[PDB]
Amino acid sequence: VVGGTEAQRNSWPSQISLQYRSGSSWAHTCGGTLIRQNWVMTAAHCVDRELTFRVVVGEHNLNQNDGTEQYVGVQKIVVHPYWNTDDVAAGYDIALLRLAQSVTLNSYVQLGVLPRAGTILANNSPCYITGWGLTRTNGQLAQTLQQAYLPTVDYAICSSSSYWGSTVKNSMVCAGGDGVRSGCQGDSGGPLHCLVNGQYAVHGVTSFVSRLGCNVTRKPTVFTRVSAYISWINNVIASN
């Protein structure tokens, strides 16, 4: 997250840190949202590669005991079938991870509430992107979970030539684009909490940013629109 601030430890309990280990050490690579005690929603491009992944719930400081963390292995990766590796423009950047065992719910580990099927917000709707991603374009991951205010930018505007053009699809949600606040590498897969009638809900799954930089004026951060995949989500969970 670029242009954000350290979030209060327990403000976003469904946020998880998706980590992989190819070598001798675990490394945070993406974000994710806990949707079931044994299911985490993330972005397909975060898990269509590496071989070993683990999710950390109740996490805050990646480099220090917050004493509330729970580590668990990912048993199965269910990437959306229409997803095309290395192709965020086409969309379908979503995947469900089945955890090795269920995490224990508490104040710091709660399920994320998803918006009802087909729900889309009015332009400039308040949202908050959260994650441990780069705090500066080409920078480094954040040690403490960050949050940045990113109002939605509706499709009519986001798909306009000066913004994202045809690159954005209606199955995606755009937020931010003021040139100061944005998601950045490492936030991918994490949630975009957007107010729906006054209460937050995980409306997006961080998917991509401009190649010219994370914070780019008129280049809002793009996320997979959760409400476009409710049935898909329910189908996966009903397929084991």
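For every residue, the number given is its place in the sequence shown, counted from 1.
Relative to one another, 101-109 and 125-133 have unequal mean CA B-factors, and 101-109 is the one with the higher figure. The PDB entry records a higher mean C-alpha B factor for 60-68 than for its counterpart among 60-68 and 193-201. Within the selection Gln15, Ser227, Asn10, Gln19, the deposited Cα B-factor values reach their highest point at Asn10.
Ranked by C-alpha B-factor against the other modelled residues of its chain, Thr33 falls in the lowest third. Sort the modelled residues of the chain by CA B factor and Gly213 lands in the highest third.
For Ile233, the recorded CA temperature factor ranks within the middle third of the chain's modelled residues. When all modelled residues of the chain are sorted by CA temperature factor, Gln147 is found within the lowest third.
Looking at the C-alpha B-factors along this chain, the one for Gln185 belongs to the highest third.
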